[PDB]
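Here the protein sequences come in this chain order: A and B.
Add 1 to the 1-based position in the first sequence for the numbering used here, that's all there is to it.
Add 1 to the 1-based position in the second sequence for the numbering used here, that's all there is to it.
One structure is given here, and the rest of the page talks about it.
Number of protein chains: 2
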Amino acid sequence: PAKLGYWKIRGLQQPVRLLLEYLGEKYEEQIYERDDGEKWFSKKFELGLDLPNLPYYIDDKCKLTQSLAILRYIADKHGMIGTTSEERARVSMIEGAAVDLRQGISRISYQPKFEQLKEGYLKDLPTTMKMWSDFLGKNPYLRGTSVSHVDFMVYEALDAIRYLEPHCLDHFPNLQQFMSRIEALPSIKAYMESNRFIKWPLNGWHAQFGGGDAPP
Amino acid sequence: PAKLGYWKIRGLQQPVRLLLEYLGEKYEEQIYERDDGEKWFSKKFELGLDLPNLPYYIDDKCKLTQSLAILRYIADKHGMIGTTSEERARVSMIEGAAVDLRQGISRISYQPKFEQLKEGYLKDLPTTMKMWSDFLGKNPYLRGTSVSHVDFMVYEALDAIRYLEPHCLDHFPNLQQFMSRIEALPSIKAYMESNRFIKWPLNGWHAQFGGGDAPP
Ligand SMILES: N[C@@H](CCC(=O)N[C@@H](CS)C(=O)NCC(=O)O)C(=O)O
Ligand SMILES: N[C@@H](CCC(=O)N[C@@H](CS)C(=O)NCC(=O)O)C(=O)O
């Protein structure tokens with residue numbers, strides 16, 4: 002079983018957990034609690050990682066850092082990366098846009114001026130959602146009929162944003178169905194009902210938004 | 002010839018230009034000047050791009066956005082992405098860390114409080130440089146004896162940081178040699194001596210740092 006290391010939050014690791022649960026990969030999570038900073042910063046350079054960071058992934062074949070590299074390793078091993086250069090590039094494009102979507106809310110949430118930034122962010126949100134709604138179109142998933150790691154990235158990003166603006170998906174029925182479709186996948190549904198599931202926080206505990214001890 | 006679109010700055014597009022020049026790919030750059038905002042937003046949704054953004058890449062086979070997706074497409078076509086899942090993941094890990102390196106300086110540079118943030122950033126820089134110095138080790142390039150897209154990513158990131166802190170590489174001779182090695186590559190040296198080379202600005206024109214009309 003691979004060892005995964007990360008804070009006890011959703012943040013960057015959630016899409017990886019979801020993917021691991023979807024393809025039935027056995028893994029052990031090394032959870033770092035709110036007060037484990039010292040614990041991490043003391044072993045950070047003792048784990049044998051080339052470029053130390055959280056999250057990290059370790060198994061008999063690989064030692065990795067970088068949330069996207071970790072997600073793509075599991076996806077690669079399961080044939081979800083793309084078979085041609087054009088396809089692999091299109092996949093990377095979707096990942097990049099998904100990173101932008103999640104990082105956008107992350108940026109303003111860790112900002113002391115969150116309250117101020119929030120208004121501008123909410124003003125632009127609609128255009129962003131439309132772009133994604135138009136991209137998904139009539140497809141069940143981002144790349145067609147089959148689920149892949151990008152779906153779990155976008156799903157998590159949308160779920161986090163709906164915590165800030167609950168009606169953000171109201172005018173986009175396909176995005177709403179997309180969310181339900183993911184939550185209805187047998188392996189996902191079961192994981193979300195387990196005690197392994199981390200529902201909160203969305204961001205780091207110290208965030209102006211999404212960092213409480215409980216949902217707002 | 003592929004068409005590349007981006008602002009007339011280094012920013013996110015520089016590593017792509019460098020790579021295109023290294024493998025001899027013919028391309029046409031659609032440059033957006035400091036006052037071309039309107040020029041971009043007016044047709045941004047008219048270009049047929051799935052997820053509109055700058056930079057964008059267009060050729061007879063592909064239409065892409067996302068700087069990393071674009072860089073990886075060219076790299077993929079040239080066999081620099083990796084042959085196994087473990088190798089491709091390791092490559093992605095390096096890319097992610099390189100993105101972190103460049104985005105770190107980018108973050109504080111577009112921040113109005115740049116002047117304040119600068120001190121904290123400079124305090125941590127040494128640790129970051131050491132991490133990269135240790136990673137490169139005795140290798141001529143990040144992945145061994147052969148240059149790849151990641152080298153141009155890290156090179157550009159280090160060059161940008163040396164503009165903020167000129168002695169940041171002083172205690173890391175291998176990183177210094179790495180920089181020289183890249184600049185000594187025949188295709189790179191020639192490109193940097195051409196009139197196609199964009200030397201400044203590093204960040205967007207309106208950045209607190211690296212956004213002037215000329216170097217500081
Ligand atoms: N680009 C990196 C970002 C990693 C990162 O910022 N990790 C944060 C939490 S989300 C951290 O606590 N890192 C620990 C450290 O820097 O030592 C990734 O995608 O993994
Ligand atoms: N994650 C994206 C970021 C793209 C981005 O932020 N582009 C900026 C300039 S660096 C821009 O002007 N985009 C135009 C737009 O959003 O319409 C990437 O790596 O390409």
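For every residue, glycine included, the Cβ atom is placed at its ideal position computed from N, Cα and C.
query	result
Short CB-CB distance (under 7 angstroms) between residue 236 of chain B and chain A	This structure does not reach residue 236 of chain B, given that chain B is present from 2 up to 217, and the question cannot be answered.
Selection of the segment 60-88 of chain B by Cβ proximity to chain A, strictly under 7 angstroms	62, 63, 65, 66, 67, 69, 70, 73, 74, 77, 78, 86 and 87
Contact belief for residue 93 of chain B with residue 14 of chain A at Cβ below 8 angstroms, rounded distance in angstroms	Incorrect: roughly 16 angstroms between the Cβ atoms, too far for contact.
Nearest-angstrom Cα separation, counted from residue 47 of chain A out to residue 193 of chain A	33 angstroms
Residue 16 of chain A to residue 209 of chain B span [Cα, whole Å]	35 angstroms
Nearest residue (CA-CA) to residue 59 of chain B, options B/197, B/163, B/5 and B/156	B/5
Beta-carbon separation (whole angstroms), residue 188 of chain B vs residue 23 of chain B, contact threshold 8 angstroms	5 angstroms
Any non-hydrogen atom of ligand 1 closer than 6 angstroms to residue 97 of chain B Cβ	yes
Neighbour list for residue 53 of chain A in chain B, Cβ cutoff strictly below 9 angstroms	132
For residue 201 of chain A, three-class secondary structure by DSSP	coil
Residue 103 of chain A to residue 105 of chain B span [Cα, whole Å]	17 angstroms
Per-residue burial, residue 207 of chain B [other beta carbons within 10 Å of its own, 16 or more giving buried]	exposed
Under the three-state DSSP convention, the category residue 32 of chain B falls into	strand
Near-chain B residues of the segment 91-111 of chain A (beta-carbon distance less than 7 angstroms), N- to C-terminal order	93, 94, 97 and 98
Residue 126 of chain B in three-state terms, based on DSSP	helix
Supposed contact pair residue 201 of chain B and residue 191 of chain B - C-beta distance, whole angstroms, cut 8 angstroms	20 angstroms between Cβ atoms; not a contact.
Own chain, CB closer than 6 angstroms to residue 173 of chain A, minus 5 neighbours either side, in chain order	130 and 134
Residues near residue 137 of chain A by beta carbon distance below 8 angstroms, same chain, minus five either side	143, 175, 176 and 179
Residue 97 of chain B (DSSP reduced to helix, strand or coil)	helix
For residue 8 of chain B, the first and last residue of its enclosing beta strand (DSSP E)	3-8
Between the CA atoms of residue 170 of chain B and residue 156 of chain A - distance to the nearest angstrom	41 angstroms
Neighbouring residues, chain B, relative to residue 136 of chain A (Cβ below 9 angstroms)	51 and 52
Proximal residues to residue 118 of chain A (C-beta, below 7 angstroms), its chain only, five neighbours per side dropped	109 and 112
Terminal residues of the alpha helix (DSSP H) in which residue 64 of chain A lies	Premise fails: residue 64 of chain A lies in the beta strand (DSSP E), 64-66, not in any alpha helix (DSSP H).
Residue nearest to residue 97 of chain A in terms of C-alpha spacing, selected from A/53, A/141, A/150 and A/43	A/150
Identity of the residue in B/64, B/9, B/121 and B/125 nearest residue 2 of chain B by Cα	B/64
Buried versus exposed, by CB contacts within 10 Å (16 or more), residue 127 of chain B	exposed
beta-carbon residue 6 of chain B near ligand 1 non-hydrogen atom, thresh 6 angstroms	no
Proximity test, residue 67 of chain A beta-carbon vs ligand 3 heavy atom, cut-off 6 angstroms	Summarising the ligand content, the structure contains ligand 1 and ligand 2 and does not contain ligand 3.
Spatial neighbours of residue 154 of chain B in its chain, beta-carbon cut-off 7 angstroms, leaving aside the 5 residues before and after	16, 96 and 99
Simplified DSSP assignment, three categories, for residue 145 of chain B	strand
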